[PDB]
Amino acid sequence: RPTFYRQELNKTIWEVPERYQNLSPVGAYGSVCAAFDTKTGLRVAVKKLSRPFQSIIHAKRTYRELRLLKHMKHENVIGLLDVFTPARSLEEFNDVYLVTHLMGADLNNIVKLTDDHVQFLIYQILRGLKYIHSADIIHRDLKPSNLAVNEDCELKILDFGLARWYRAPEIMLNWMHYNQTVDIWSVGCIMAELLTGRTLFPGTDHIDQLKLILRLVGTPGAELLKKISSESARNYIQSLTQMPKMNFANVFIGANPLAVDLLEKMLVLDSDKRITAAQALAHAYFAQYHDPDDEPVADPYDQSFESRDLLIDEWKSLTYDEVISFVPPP
Ligand SMILES: COc1nc2[nH]cc(C(=O)C(=O)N3CC[C@@H](O)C3)c2cc1C(=O)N1CCn2c(cnc2-c2ccc(F)cc2F)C1
C-alpha cells in the first residue's frame, strides 16, 4: 500500500500516493489535475470524483465509470492507468481517484484545419468509436471538448458511456429508439466544423437546433415519418414548412469531394440509413490511414448492472471491489 500525501488545490483536498508528483489543476463528475508519475515516467491526468456516494445516482454513476474505464483498452479511447483510494477499508471508503494519459488539449484547442489533418483526426475518432460501439457502448455526447488530443495530433475519446450543437436530431426530439449512429451524427458535425471553421448547427435551444438541422438535411419524408411514434413529434415536424435536402457538394464547396461524400453519409436524418463507424473507416476518404487488420473490436462488456436497482452501500461496495481487483497494464 503506497504512502499517501495531501494537499489543497482550488479548495479541494487531493490525497494521492507519493508516486504521483507535481499535481497541477487542468472532468465528468470530478476535478482533474495533471501529475508526474515517477514510477513509469509518464505524464498523467488524475481525476478525483466529486462526492461519489452522495445519492444512489452518484453511486451507480461512479460504478459505471469505473467499470467502463476498466474495460476500455484501445489507443483512441481513454482507459485506466491506475485507480486508488486513500481508504484502507470499505467502511472508510469515500473517495475515488482515476488515472489516465494526459493528452493536454481538446479538439477546440487544436482548431480551420487542412484536409490531411482532418483525415487523421476523424480517422482516429471513428477507429475509437468502432471499438466502443462493438462493446455495445454508445458515447451519446460526443463533442470537440471530449476529444483529448496531444501535440502529436494523437486523439482519445473521453467521457463515453456516461450521458446541444453536435447531438443527433432523434435525441433532440426523442424519436425512434436510437442506435449507435447518434455518435456518427456528432462526428459529422465535428468533421464539418474542422473543414469549414464554423459550427455546422449552432442552435440556441432544442427548437432552433432542430430548425437548423432540417435546413441542411430536409424535413423527413414519408419513409421516415412512418417510423415516428409521437403524434406530437409528427405533428411538430409535419406542421413545419417542408424543406428539401441541400446539395452538400454546393454547401461544402472547396472541400475534398471524398470528404463531402462522407459527410453526406454521416448526416442522414434517418438513423437507420446513417453510416456506421466500421463502414466509415472503409470509406475512400481514409485510404491513407485505413487498415482492417488494425481497427480492433472490444472484448465482451457486461452491462447487466445497468438494469439493477441497488442501495448506495451495495453500489459502493461493488465499486470498492473493482478498485481492489484493478490490474495495471504491462
Ligand atoms: C479533452 O482533454 C483535455 N483537454 C484539456 N484542455 C486543457 C487541458 C490542459 O491540460 C491545460 O489546461 N493545460 C494547463 C497547462 C498545460 O497542461 C495545458 C486539457 C487536458 C485534457 C486531457 O488530457 N484530459 C484527459 C484526462 N481527462 C480529461 C478530462 N477527464 C479526464 C479523465 C477521465 C478519466 C480518468 F481516468 C482520468 C481523467 F483525468 C482531460
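Judging from the entry metadata, X-ray crystallography is the method by which this structure was determined, and 1.70 Å is the reported resolution.

Here the focus is the packing of aromatic side chains. With the rule as written, the count across this model stands at 15 aromatic pairs. Measuring from ring centre to ring centre gives 5.2 Å for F120 and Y289, while their planes differ by 25°; the resulting arrangement is stacked. A centroid spacing of 6.1 Å and a plane angle of 80° characterise the contact between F305 and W315, whose relative ring orientation is edge-to-face. Taken together, the positions of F305 in the loop between α11 (277–281) and α12 (312–324) and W315 in helix α12 put the pair ten residues apart, joining distant regions of the chain. Overall, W315 belongs to the buried group, its relative accessible area being 1%. The structure contains a cluster of three or more aromatic residues connected by ring pairs, namely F4, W14, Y20, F84 and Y97.

With that out of the way, let us pick up the UniProt feature "active site" in the protein. In the numbering used here, UniProt assigns the "active site" feature to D159. Positionally, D159 belongs in the loop between β10 (155–157) and α4 (169–172). In this view, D159 contacts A28, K47, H139 and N146; residues no more than four positions away in its chain are not counted.

Turning next to the site of the ligand. Taken together, 22 residues surround the ligand, and among them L98, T100, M103, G104 and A148 come closest. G104 places a polar main-chain atom, nitrogen or oxygen, 3.1 Å from an oxygen atom of the ligand. At 3.5 Å, a backbone N or O of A105 approaches a nitrogen atom of the ligand. A total of 760 Å² of accessible area belongs to the ligand in isolation, and the protein chains cover 74% of it.

Core analysis: the biggest nonpolar cluster contains 89 residues, and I122, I125 and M191 have the highest contact counts within it. Per-domain counts for this core show at least three residues from each of domain 1 (1–104 + 298–327) and domain 2 (105–297). Setting aside chain neighbours within four positions, we find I122 in contact with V187, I190, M191, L194 and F286. Counting 14 residues, the second-largest nonpolar core is a separate cluster that includes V44, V46, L81 and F84.

We now examine the side chain of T219. Structurally, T219 is set in the loop between α6 (206–217) and α7 (222–225). In this structure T219 comes out as buried when scored by relative accessible area, which is 13%. Polar side-chain contacts of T219 include one of 2.9 Å to the backbone nitrogen of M243. Apart from residues lying up to four places away in sequence, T219 is in contact with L214, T241, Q242, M243 and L269.

Looking now at the domain arrangement of the protein. One can read the domain layout of the protein as domain 1 (1–104 + 298–327) and domain 2 (105–297). Between domain 1 and domain 2, the C-alpha centre-to-centre distance is 30 Å. Listed per partner, the contact involves 22 residues of domain 1 and 24 residues of domain 2. Across the domain 1 to domain 2 interface the summed buried area is about 2100 Å²; carbon plus sulfur atoms make up 61%.

Before going further, it helps to spend a moment on unusual backbone geometry. Despite not being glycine, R140 has its phi angle at roughly 80°, a positive value. Positionally, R140 belongs in the loop between α3 (115–133) and β9 (147–149). Located in the positive-phi region is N174, a residue other than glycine, with phi close to 70°. Assignment of secondary structure puts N174 in the loop between α4 and α5 (182–196).

Spatial ordering of the open sheet is given by β8-β9-β10, a layout of three strands whose pairing is antiparallel. The sheet is open, and its two borders are formed by β8 (105–106) and β10, each paired with just one other strand. Across the sheet, α3 is in contact with β9 and β10; its angle to β10 comes to roughly 35°.

Cut-offs applied
- Residues numbered from 1 in each chain as written, not as in the entry; some residues may be left out.
- Heavy atoms only, no water.
- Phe/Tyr/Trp six-rings, centres within 6.5 Å; stacked < 30°, edge-to-face > 60°.
- Helix = DSSP H or I, 4+ residues; strand = E, 2+ residues; numbered from the N terminus.
- Buried < 20%, exposed > 50% of the residue type's maximum accessible area, 1.4 Å probe, protein only.
- UniProt positions renumbered as here; feature names shortened; annotations may be inferred.
- Contact = heavy atoms within 4.5 Å.
- Near = heavy atom within 4 Å.
- Polar contact = N/O pair within 3.5 Å; in protein donor to acceptor, adjacent residues only side chain to side chain.
- Areas by Shrake-Rupley, 256 points an atom, 1.4 Å probe, with all protein chains shown as cover.
- Core = buried A, V, L, I, M, F, W, Y, C linked by side-chain atoms within 4.5 Å.
- Domains from an automatic or database assignment.
- Buried area = accessible area lost by both parts, 1.4 Å probe.
- Pairing = 2+ DSSP bridges.
- Axes fitted to C-alpha atoms, helices over the stretch in contact; angles between N-to-C directions.

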